[PDB]
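K.L.:
Quick one, target_9.cif (mmCIF, C-alpha atoms and all ligand atoms):
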```cif
data_run
loop_
_atom_site.label_atom_id
_atom_site.label_comp_id
_atom_site.auth_asym_id
_atom_site.auth_seq_id
_atom_site.Cartn_x
_atom_site.Cartn_y
_atom_site.Cartn_z
CA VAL A 62 -23.66 -22.06 8.12
CA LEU A 63 -20.77 -20.06 9.61
CA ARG A 64 -21.16 -20.40 13.38
CA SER A 65 -19.18 -21.34 16.46
CA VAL A 66 -19.42 -24.89 17.75
CA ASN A 67 -20.60 -25.20 21.36
CA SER A 68 -17.61 -27.34 22.41
CA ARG A 69 -17.11 -26.06 25.97
CA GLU A 70 -13.35 -26.82 25.77
CA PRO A 71 -11.52 -23.69 26.97
CA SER A 72 -8.82 -22.14 24.82
CA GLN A 73 -6.80 -19.14 25.96
CA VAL A 74 -5.87 -16.70 23.20
CA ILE A 75 -3.81 -13.54 22.79
CA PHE A 76 -5.48 -11.00 20.52
CA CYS A 77 -2.44 -9.04 19.25
CA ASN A 78 -3.26 -5.90 17.31
CA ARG A 79 -0.31 -5.30 14.99
CA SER A 80 -2.31 -2.87 12.87
CA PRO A 81 -2.55 0.91 13.13
CA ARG A 82 -6.36 0.62 13.47
CA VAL A 83 -8.66 0.40 16.49
CA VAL A 84 -9.69 -3.26 16.31
CA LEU A 85 -13.19 -4.68 16.86
CA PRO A 86 -13.12 -8.40 17.54
CA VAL A 87 -16.32 -10.14 16.37
CA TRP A 88 -17.42 -13.55 17.71
CA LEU A 89 -19.84 -15.54 15.58
CA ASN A 90 -22.29 -16.97 18.09
CA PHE A 91 -24.03 -20.35 17.97
CA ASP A 92 -26.74 -19.08 15.58
CA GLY A 93 -24.15 -17.31 13.39
CA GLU A 94 -24.97 -13.80 14.67
CA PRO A 95 -22.00 -11.44 14.91
CA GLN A 96 -21.35 -10.38 18.49
CA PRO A 97 -19.01 -7.41 18.94
CA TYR A 98 -16.40 -7.47 21.77
CA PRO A 99 -14.35 -4.67 23.44
CA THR A 100 -11.99 -2.82 21.07
CA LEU A 101 -8.16 -2.97 21.00
CA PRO A 102 -6.17 0.22 20.48
CA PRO A 103 -3.37 0.12 17.84
CA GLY A 104 -0.40 -1.99 18.99
CA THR A 105 -2.11 -3.41 22.08
CA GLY A 106 -2.87 -6.97 23.17
CA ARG A 107 -5.37 -8.80 25.39
CA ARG A 108 -5.25 -12.27 26.87
CA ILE A 109 -8.79 -13.61 26.54
CA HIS A 110 -10.74 -16.77 27.29
CA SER A 111 -12.40 -18.40 24.28
CA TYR A 112 -13.21 -21.98 23.26
CA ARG A 113 -12.17 -24.60 20.68
CA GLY A 114 -14.28 -24.43 17.55
CA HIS A 115 -15.30 -20.80 18.11
CA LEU A 116 -15.13 -18.43 15.15
CA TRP A 117 -13.73 -14.90 15.21
CA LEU A 118 -13.03 -12.14 12.73
CA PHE A 119 -11.58 -8.66 13.13
CA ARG A 120 -12.57 -5.24 11.84
CA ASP A 121 -11.61 -1.60 12.08
CA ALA A 122 -13.90 -0.45 14.91
CA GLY A 123 -14.64 2.93 13.26
CA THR A 124 -15.09 2.01 9.60
CA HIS A 125 -15.60 -1.79 9.62
CA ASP A 126 -12.75 -2.26 7.11
CA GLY A 127 -11.61 -5.92 7.05
CA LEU A 128 -8.45 -7.11 8.83
CA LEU A 129 -6.44 -10.31 8.70
CA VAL A 130 -5.74 -12.62 11.61
CA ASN A 131 -2.80 -14.97 11.21
CA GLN A 132 -2.90 -14.00 7.51
CA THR A 133 -6.51 -14.98 6.92
CA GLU A 134 -10.14 -13.96 7.44
CA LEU A 135 -11.30 -16.23 10.27
CA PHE A 136 -9.57 -17.31 13.45
CA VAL A 137 -10.53 -20.52 15.27
CA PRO A 138 -8.94 -21.17 18.70
CA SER A 139 -7.03 -24.47 18.73
CA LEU A 140 -5.98 -26.82 21.54
CA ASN A 141 -3.44 -25.16 23.87
CA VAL A 142 -0.11 -27.06 23.91
CA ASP A 143 1.92 -27.01 27.18
CA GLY A 144 -0.52 -24.48 28.70
CA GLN A 145 0.62 -21.87 26.13
CA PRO A 146 -1.97 -19.50 24.64
CA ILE A 147 -2.75 -19.36 20.93
CA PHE A 148 -1.52 -16.18 19.28
CA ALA A 149 -3.95 -14.29 17.07
CA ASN A 150 -1.89 -11.77 15.11
CA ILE A 151 -4.18 -9.09 13.73
CA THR A 152 -2.66 -7.12 10.80
CA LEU A 153 -3.60 -4.87 7.91
CA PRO A 154 -4.30 -6.56 4.60
CA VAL A 155 -2.59 -5.37 1.47
CA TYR A 156 -5.71 -3.50 0.32
CA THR A 157 -6.15 -2.89 -3.39
CA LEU A 158 -5.36 0.69 -4.34
CA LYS A 159 -9.07 1.22 -5.15
CA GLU A 160 -10.28 -0.01 -1.77
CA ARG A 161 -7.65 2.11 -0.04
CA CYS A 162 -8.77 5.23 -1.96
CA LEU A 163 -12.40 4.49 -1.07
CA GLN A 164 -11.41 4.29 2.61
CA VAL A 165 -9.67 7.66 2.51
CA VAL A 166 -12.51 9.29 0.58
CA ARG A 167 -15.08 7.81 3.01
CA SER A 168 -13.02 9.24 5.89
CA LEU A 169 -13.27 12.79 4.47
CA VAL A 170 -16.77 12.95 2.95
CA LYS A 171 -19.98 12.62 4.94
CA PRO A 172 -22.14 9.92 3.33
CA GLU A 173 -24.82 12.51 2.39
CA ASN A 174 -22.24 14.17 0.16
CA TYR A 175 -20.96 11.13 -1.80
CA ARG A 176 -23.42 12.20 -4.51
CA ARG A 177 -21.87 15.69 -4.83
CA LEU A 178 -18.55 14.11 -5.85
CA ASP A 179 -17.62 14.38 -9.52
CA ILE A 180 -17.20 10.68 -10.30
CA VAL A 181 -19.02 7.96 -12.28
CA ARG A 182 -22.19 6.56 -10.70
CA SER A 183 -20.48 3.19 -10.06
CA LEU A 184 -17.93 4.88 -7.77
CA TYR A 185 -20.80 6.50 -5.84
CA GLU A 186 -22.14 2.96 -5.44
CA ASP A 187 -18.69 1.74 -4.39
CA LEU A 188 -18.44 4.47 -1.70
CA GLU A 189 -21.95 3.82 -0.33
CA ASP A 190 -21.34 0.06 -0.29
CA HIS A 191 -19.04 0.35 2.71
CA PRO A 192 -17.57 -2.62 4.58
CA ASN A 193 -20.07 -4.54 6.72
CA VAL A 194 -19.73 -7.87 8.58
CA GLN A 195 -23.12 -9.21 7.40
CA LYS A 196 -22.15 -8.76 3.73
CA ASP A 197 -18.89 -10.65 4.33
CA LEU A 198 -20.74 -13.52 6.04
CA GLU A 199 -23.04 -13.85 3.01
CA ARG A 200 -19.95 -13.88 0.76
CA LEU A 201 -17.95 -16.34 2.91
CA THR A 202 -21.06 -18.57 2.79
CA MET B 16 15.83 -6.69 -15.79
CA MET B 17 12.83 -5.67 -17.90
CA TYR B 18 11.34 -2.21 -17.42
CA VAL B 19 8.39 -0.36 -19.01
CA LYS B 20 7.71 3.35 -19.32
CA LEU B 21 4.52 4.90 -17.95
CA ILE B 22 3.96 8.50 -19.14
CA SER B 23 1.68 10.94 -17.29
CA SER B 24 -0.65 13.48 -18.92
CA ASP B 25 1.88 16.26 -18.16
CA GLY B 26 4.76 14.33 -19.82
CA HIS B 27 6.48 12.82 -16.74
CA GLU B 28 8.03 9.46 -17.69
CA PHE B 29 7.99 6.86 -14.96
CA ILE B 30 10.23 3.82 -15.53
CA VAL B 31 9.17 0.74 -13.51
CA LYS B 32 9.69 -3.02 -13.51
CA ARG B 33 7.47 -4.67 -16.14
CA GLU B 34 6.40 -7.17 -13.44
CA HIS B 35 5.22 -4.29 -11.24
CA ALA B 36 3.19 -2.59 -13.99
CA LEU B 37 1.43 -5.89 -14.76
CA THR B 38 -0.19 -5.50 -11.33
CA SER B 39 -2.70 -3.65 -13.55
CA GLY B 40 -4.76 -5.66 -16.04
CA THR B 41 -5.45 -2.43 -17.93
CA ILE B 42 -1.73 -1.71 -18.30
CA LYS B 43 -1.14 -5.31 -19.36
CA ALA B 44 -3.77 -4.80 -22.10
CA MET B 45 -2.20 -1.50 -23.20
CA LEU B 46 1.16 -3.29 -23.57
CA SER B 47 -0.35 -6.29 -25.48
CA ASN B 58 7.12 -0.92 -23.83
CA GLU B 59 5.60 2.56 -23.32
CA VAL B 60 2.08 3.61 -22.28
CA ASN B 61 0.70 7.15 -22.35
CA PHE B 62 -1.94 8.23 -19.83
CA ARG B 63 -3.83 11.27 -21.09
CA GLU B 64 -5.95 11.60 -17.94
CA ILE B 65 -3.49 10.71 -15.17
CA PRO B 66 -1.23 13.55 -14.03
CA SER B 67 2.21 12.94 -12.52
CA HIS B 68 1.16 13.62 -8.90
CA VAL B 69 -1.22 10.65 -9.31
CA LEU B 70 0.85 8.30 -11.48
CA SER B 71 3.89 8.64 -9.17
CA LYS B 72 1.70 7.34 -6.29
CA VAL B 73 0.38 4.52 -8.49
CA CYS B 74 4.01 3.41 -9.06
CA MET B 75 4.67 3.59 -5.31
CA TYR B 76 1.64 1.35 -4.78
CA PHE B 77 3.07 -1.28 -7.15
CA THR B 78 6.32 -1.37 -5.15
CA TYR B 79 4.37 -1.54 -1.90
CA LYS B 80 2.10 -4.32 -3.13
CA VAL B 81 4.92 -6.49 -4.48
CA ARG B 82 6.97 -5.96 -1.32
CA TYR B 83 4.22 -6.73 1.21
CA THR B 84 2.00 -9.30 -0.55
CA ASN B 85 2.39 -12.68 1.21
CA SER B 86 4.73 -11.44 3.96
CA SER B 87 4.40 -11.87 7.76
CA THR B 88 6.50 -8.77 8.58
CA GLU B 89 4.00 -6.20 9.88
CA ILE B 90 2.34 -4.26 7.06
CA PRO B 91 2.30 -0.46 7.22
CA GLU B 92 -0.58 1.64 6.00
CA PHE B 93 -0.37 2.83 2.39
CA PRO B 94 -0.45 6.63 2.75
CA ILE B 95 -2.68 8.85 0.59
CA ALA B 96 -2.85 12.62 1.07
CA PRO B 97 -6.41 13.99 1.04
CA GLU B 98 -5.61 16.31 -1.89
CA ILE B 99 -4.91 13.43 -4.28
CA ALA B 100 -7.41 10.88 -3.02
CA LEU B 101 -10.22 11.53 -5.51
CA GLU B 102 -7.98 11.49 -8.59
CA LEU B 103 -6.11 8.45 -7.30
CA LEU B 104 -9.47 6.70 -6.81
CA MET B 105 -10.43 7.42 -10.41
CA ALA B 106 -7.05 6.15 -11.66
CA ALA B 107 -7.28 2.99 -9.52
CA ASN B 108 -10.73 2.30 -10.95
CA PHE B 109 -9.45 2.72 -14.53
CA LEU B 110 -6.34 0.58 -13.93
CA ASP B 111 -8.26 -2.01 -11.87
CA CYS B 112 -5.67 -2.12 -9.10
CA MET C 1 18.55 -4.62 3.46
CA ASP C 2 16.62 -3.26 0.47
CA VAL C 3 16.20 0.49 -0.08
CA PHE C 4 13.54 1.82 -2.42
CA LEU C 5 14.45 4.73 -4.66
CA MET C 6 13.24 7.12 -7.33
CA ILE C 7 16.18 8.15 -9.52
CA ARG C 8 15.12 11.45 -11.02
CA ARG C 9 16.33 13.72 -13.82
CA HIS C 10 14.35 16.35 -15.78
CA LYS C 11 11.02 14.56 -16.48
CA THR C 12 12.40 11.03 -15.96
CA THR C 13 11.80 8.98 -12.83
CA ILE C 14 13.13 5.42 -12.30
CA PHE C 15 11.54 3.29 -9.57
CA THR C 16 14.00 0.65 -8.38
CA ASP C 17 15.48 -0.91 -5.27
CA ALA C 18 19.09 -1.63 -4.29
CA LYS C 19 20.98 -2.96 -1.29
CA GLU C 20 21.92 -0.62 1.53
CA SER C 21 25.43 -2.10 1.15
CA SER C 22 25.54 -1.39 -2.60
CA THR C 23 27.63 1.44 -3.99
CA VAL C 24 26.86 4.65 -5.81
CA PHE C 25 28.82 3.31 -8.77
CA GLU C 26 26.74 0.13 -8.82
CA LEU C 27 23.61 2.35 -8.97
CA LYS C 28 25.08 4.12 -12.04
CA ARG C 29 25.41 0.64 -13.63
CA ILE C 30 21.69 0.12 -12.94
CA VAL C 31 20.91 3.49 -14.50
CA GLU C 32 23.20 2.57 -17.42
CA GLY C 33 21.17 -0.60 -18.12
CA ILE C 34 17.95 1.45 -18.32
CA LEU C 35 18.91 4.81 -19.90
CA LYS C 36 21.97 3.59 -21.89
CA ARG C 37 24.55 6.04 -20.54
CA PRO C 38 27.78 4.97 -18.87
CA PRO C 39 28.68 5.80 -15.24
CA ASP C 40 31.30 8.37 -16.33
CA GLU C 41 28.49 10.39 -18.03
CA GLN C 42 26.43 10.34 -14.80
CA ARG C 43 26.42 12.28 -11.56
CA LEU C 44 24.20 11.10 -8.70
CA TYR C 45 23.00 13.37 -5.89
CA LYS C 46 21.28 13.36 -2.57
CA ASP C 47 19.57 16.73 -2.49
CA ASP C 48 22.39 19.04 -3.64
CA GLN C 49 25.25 16.76 -2.55
CA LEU C 50 27.25 14.99 -5.27
CA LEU C 51 27.70 11.33 -4.32
CA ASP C 52 31.10 9.59 -4.45
CA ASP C 53 31.17 6.35 -6.50
CA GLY C 54 32.83 4.24 -3.79
CA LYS C 55 30.36 4.96 -0.99
CA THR C 56 27.50 2.69 -0.04
CA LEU C 57 23.91 3.91 -0.34
CA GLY C 58 23.67 3.49 3.44
CA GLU C 59 26.69 5.75 4.08
CA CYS C 60 25.00 8.35 1.85
CA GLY C 61 21.85 8.17 4.02
CA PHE C 62 19.63 5.77 2.03
CA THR C 63 18.50 3.35 4.69
CA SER C 64 15.90 0.60 4.71
CA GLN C 65 13.67 2.48 7.10
CA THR C 66 13.75 5.85 5.25
CA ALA C 67 13.75 4.67 1.64
CA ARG C 68 10.52 2.70 1.89
CA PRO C 69 8.45 0.91 -0.80
CA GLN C 70 5.47 3.24 -0.25
CA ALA C 71 7.57 6.42 0.18
CA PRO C 72 10.84 5.98 -1.72
CA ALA C 73 13.89 8.21 -1.34
CA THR C 74 14.95 10.45 -4.22
CA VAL C 75 18.33 10.23 -5.96
CA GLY C 76 19.13 13.09 -8.34
CA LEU C 77 20.72 12.34 -11.72
CA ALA C 78 22.63 14.61 -14.09
CA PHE C 79 24.14 13.76 -17.49
CA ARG C 80 27.29 14.97 -19.20
CA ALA C 81 26.63 16.47 -22.63
CA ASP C 82 29.91 16.29 -24.62
CA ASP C 83 32.68 17.73 -22.37
CA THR C 84 30.73 19.12 -19.38
CA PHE C 85 27.90 18.11 -17.03
CA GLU C 86 24.48 19.73 -17.10
CA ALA C 87 23.30 21.22 -13.81
CA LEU C 88 20.98 19.06 -11.69
CA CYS C 89 17.36 19.70 -12.83
CA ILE C 90 14.40 17.76 -11.45
CA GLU C 91 11.02 18.80 -12.85
CA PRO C 92 8.44 18.85 -10.08
CA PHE C 93 5.33 16.67 -10.28
CA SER C 94 2.06 18.44 -11.02
CA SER C 95 0.07 20.16 -8.24
CA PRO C 96 -3.11 18.62 -6.85
CA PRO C 97 -6.18 20.81 -7.34
CA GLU C 98 -8.07 22.45 -4.47
CA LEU C 99 -9.88 20.02 -2.19
CA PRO C 100 -13.54 19.95 -3.20
CA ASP C 101 -15.79 21.65 -0.64
CA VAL C 102 -17.33 18.38 0.56
CA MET C 103 -13.83 17.12 1.53
CA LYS C 104 -13.26 19.88 4.15
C1 LIG A 301 -11.32 -7.93 27.15
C2 LIG A 301 -11.50 -8.19 25.65
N1 LIG A 301 -10.95 -7.32 24.77
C3 LIG A 301 -11.17 -7.60 23.49
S1 LIG A 301 -12.07 -9.00 23.41
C4 LIG A 301 -12.18 -9.22 25.09
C5 LIG A 301 -12.82 -10.23 25.71
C6 LIG A 301 -13.60 -10.04 26.86
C7 LIG A 301 -14.25 -11.11 27.49
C8 LIG A 301 -14.15 -12.40 27.00
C9 LIG A 301 -14.83 -13.47 27.68
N2 LIG A 301 -14.96 -14.68 26.84
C10 LIG A 301 -16.04 -14.95 26.08
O1 LIG A 301 -17.02 -14.22 26.01
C11 LIG A 301 -15.96 -16.10 25.27
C12 LIG A 301 -15.48 -15.66 23.88
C13 LIG A 301 -16.21 -16.56 22.90
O2 LIG A 301 -15.52 -17.82 22.82
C14 LIG A 301 -17.59 -16.73 23.55
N3 LIG A 301 -17.31 -16.76 25.02
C15 LIG A 301 -18.04 -17.27 26.04
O3 LIG A 301 -17.63 -17.24 27.20
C16 LIG A 301 -19.39 -17.98 25.73
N4 LIG A 301 -19.43 -19.19 26.57
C17 LIG A 301 -19.32 -20.45 26.11
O4 LIG A 301 -19.23 -20.78 24.94
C18 LIG A 301 -19.42 -21.51 27.22
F1 LIG A 301 -19.60 -21.06 28.40
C19 LIG A 301 -20.13 -22.82 26.87
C20 LIG A 301 -18.62 -22.79 27.09
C21 LIG A 301 -20.62 -17.08 26.01
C22 LIG A 301 -20.80 -16.74 27.52
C23 LIG A 301 -20.51 -15.78 25.22
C24 LIG A 301 -21.86 -17.86 25.54
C25 LIG A 301 -13.37 -12.60 25.85
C26 LIG A 301 -12.72 -11.53 25.21
#
```
Would you mind writing the file's structure down as structure tokens?
P.N.:
Amino acid sequence: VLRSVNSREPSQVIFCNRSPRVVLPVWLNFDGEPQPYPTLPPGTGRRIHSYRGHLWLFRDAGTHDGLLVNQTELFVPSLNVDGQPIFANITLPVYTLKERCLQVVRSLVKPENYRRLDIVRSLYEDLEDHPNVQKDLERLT
Amino acid sequence: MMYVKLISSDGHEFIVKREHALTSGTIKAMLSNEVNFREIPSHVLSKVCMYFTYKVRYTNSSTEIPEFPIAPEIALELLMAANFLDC
Amino acid sequence: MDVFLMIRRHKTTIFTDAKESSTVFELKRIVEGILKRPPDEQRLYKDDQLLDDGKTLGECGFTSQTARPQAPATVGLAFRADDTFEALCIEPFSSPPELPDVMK
């Protein structure tokens, strides 16, 4: 369902990482498989060659936490006007306090030890159910 | 302006905009102008209030969003509170 | 520009914002609306320094980029009981426990 269209019409894009995370751009290929691309350090940008109708999303490279691009989940390169590239502004979401706490806890506790934490079983499940692109594709479908 | 009082387990009284506290569906339920939290100490509830301000300020805003900071020492308790308050 | 504050006295903490261009006195009016005490029964402080009514919050060092939504700046508050002002007392927040072993 969610997949890039094989349009063959070039579109030049700037991936602009305005987050404090290392960014993993993910291209959804013509069969809908996520293809990872080179990472972007915090605050950096890359001018890249993509195509109209192609689908992209953006993740924290280390944790797979979800990021926004032009304020939304998916970015689709448009027609370039006057030879100008399309800007893809990658930013942090306003995470819920719960998701933000899960992130921090996941960053300090090796997954084998989630179970040693003194919390209700459902929070163990929340920790183990870490962000993943496949899960988000099944949702977004 | 309408404020509400959120009181920590150790007796610290946090006064915040009603609108901000309604971020939390649990707090909304506890109001329908003061709520006592017997399990949430002040080092946690103070951060919860800071989150409300942060959320209201940065929700639907194109100005770059900074990371919401959480010290390791409070992360577990803050997680538990966030789960209770559904925020 | 908005500045984000915690106005603190004893075990009371008010979360609010104000303009960088707003005055100390105008902040007392805000406190008055919440705690029901007039500006002349209030002293405001930055750390140990007593703030003058006529100064802007900016002049007194509360700026948009240091008094942030997620890390607000602290303004101390003291009340006058009868004739004389109490000393500035801000009860600290509780202490986090030791990090569990699995978080080290
Ligand atoms: C350097 C860099 N850093 C972060 S991402 C990145 C980057 C590095 C290389 C590229 C090269 N461009 C591509 O791979 C584009 C992106 C996406 O639209 C798919 N793509 C293609 O060229 C695809 N080609 C096509 O669709 C066509 F050739 C039929 C037009 C591929 C070869 C993968 C089938 C793009 C971005």
K.L.:
Name the residues in contact with residue 100 in chain A at a cut-off of 7 Å, using only C-alpha atoms, excluding same-chain residues fewer than 5 positions from it; report them as a ChimeraX atom specification.
P.N.:
/A:83-86,122
K.L.:
So that I can see what lies close to residue 69 in chain A, please list as an NGL selection string the residues with an atom at most 10 Å from it, counting only C-alpha atoms and leaving out residues fewer than 4 positions away in the same chain.
P.N.:
:A and (111-115)
K.L.:
Just the selected residues (C-alpha atoms), exported as a tab-separated table (two decimals), keeping the file's coordinate frame, please.
P.N.:
```
chain	number	residue	atom	x	y	z
A	111	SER	CA	-12.40	-18.40	24.28
A	112	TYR	CA	-13.21	-21.98	23.26
A	113	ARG	CA	-12.17	-24.60	20.68
A	114	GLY	CA	-14.28	-24.43	17.55
A	115	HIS	CA	-15.30	-20.80	18.11
```
K.L.:
If the box runs along x, y and z of the file and leaves 8 Å on each side of ligand LIG 301 (chain A), what are its centre and edge lengths in Å, one decimal, as lines of an AutoDock Vina configuration file?
P.N.:
```
center_x = -16.4
center_y = -15.1
center_z = 25.6
size_x = 26.9
size_y = 31.5
size_z = 21.6
```
K.L.:
Here is a test: counting only C-alpha atoms and all ligand atoms, which residue of A:191, A:161, A:110, A:196 is nearest to ligand LIG 301 (chain A)?
P.N.:
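Closest residue, counting only C-alpha atoms and all ligand atoms: A:110.
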K.L.:
For chain A, which residue out of C:88, C:27, C:81, C:99 is the nearest one, using all atoms listed in the file?
P.N.:
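Comparing C:88, C:27, C:81, C:99 against chain A, the winner is C:99.
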K.L.:
Select residues of chain B: the criterion is any atom within 8 Å of an atom of chain C, counting all atoms listed in the file; output as JSON, numbers by chain.
P.N.:
{"B": [18, 25, 26, 27, 28, 29, 30, 31, 32, 66, 67, 68, 74, 75, 76, 78, 79, 82, 93, 94, 97, 98, 99]}
K.L.:
How would you write, as a VMD selection string, the set of residues no farther than 9 Å from ligand LIG 301 (chain A) when counting all atoms listed in the file?
P.N.:
chain A and resid 65 to 72 74 76 84 to 91 96 to 101 106 to 117 138
K.L.:
Please indicate the distance in Å from CA of residue 64 in chain C to CA of residue 9 in chain C, rounded to one decimal place.
P.N.:
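Taking CA of residue 64 in chain C as the start and CA of residue 9 in chain C as the end point, the length is 22.7 Å.
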K.L.:
What residues in chain A lie within 9 Å of chain B, counting only C-alpha atoms, written as a PDB file with C-alpha atoms, in the frame of the given file?
P.N.:
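This went into out.pdb:
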```pdb
ATOM      1  CA  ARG A  79      -0.310  -5.300  14.990  1.00  0.00           C
ATOM      2  CA  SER A  80      -2.310  -2.870  12.870  1.00  0.00           C
ATOM      3  CA  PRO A  81      -2.550   0.910  13.130  1.00  0.00           C
ATOM      4  CA  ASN A 131      -2.800 -14.970  11.210  1.00  0.00           C
ATOM      5  CA  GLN A 132      -2.900 -14.000   7.510  1.00  0.00           C
ATOM      6  CA  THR A 152      -2.660  -7.120  10.800  1.00  0.00           C
ATOM      7  CA  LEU A 153      -3.600  -4.870   7.910  1.00  0.00           C
ATOM      8  CA  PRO A 154      -4.300  -6.560   4.600  1.00  0.00           C
ATOM      9  CA  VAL A 155      -2.590  -5.370   1.470  1.00  0.00           C
ATOM     10  CA  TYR A 156      -5.710  -3.500   0.320  1.00  0.00           C
ATOM     11  CA  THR A 157      -6.150  -2.890  -3.390  1.00  0.00           C
ATOM     12  CA  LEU A 158      -5.360   0.690  -4.340  1.00  0.00           C
ATOM     13  CA  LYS A 159      -9.070   1.220  -5.150  1.00  0.00           C
ATOM     14  CA  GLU A 160     -10.280  -0.010  -1.770  1.00  0.00           C
ATOM     15  CA  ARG A 161      -7.650   2.110  -0.040  1.00  0.00           C
ATOM     16  CA  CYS A 162      -8.770   5.230  -1.960  1.00  0.00           C
ATOM     17  CA  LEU A 163     -12.400   4.490  -1.070  1.00  0.00           C
ATOM     18  CA  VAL A 165      -9.670   7.660   2.510  1.00  0.00           C
ATOM     19  CA  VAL A 166     -12.510   9.290   0.580  1.00  0.00           C
ATOM     20  CA  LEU A 169     -13.270  12.790   4.470  1.00  0.00           C
ATOM     21  CA  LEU A 178     -18.550  14.110  -5.850  1.00  0.00           C
ATOM     22  CA  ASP A 179     -17.620  14.380  -9.520  1.00  0.00           C
ATOM     23  CA  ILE A 180     -17.200  10.680 -10.300  1.00  0.00           C
ATOM     24  CA  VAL A 181     -19.020   7.960 -12.280  1.00  0.00           C
ATOM     25  CA  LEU A 184     -17.930   4.880  -7.770  1.00  0.00           C
TER      26      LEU A 184
END
```
K.L.:
Quick one: distance from CA of residue 48 in chain C to CA of residue 73 in chain C in Å, one decimal?
P.N.:
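The value is 14.0 Å.
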K.L.:
What does the distance from CA of residue 95 in chain A to CA of residue 124 in chain A come to in Å, to one decimal?
P.N.:
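These atoms are spaced 16.0 Å apart.
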K.L.:
Which is closer to residue 90 in chain C than all the others in C:52, C:32, C:47, C:59, using all atoms listed in the file?
P.N.:
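Ranked by minimum distance to residue 90 in chain C, first place goes to C:47.
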K.L.:
Considering all atoms listed in the file, can you say which of A:135, A:177, A:141, A:151 comes closest to residue 197 in chain A?
P.N.:
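Distance minimum relative to residue 197 in chain A lands on A:135.
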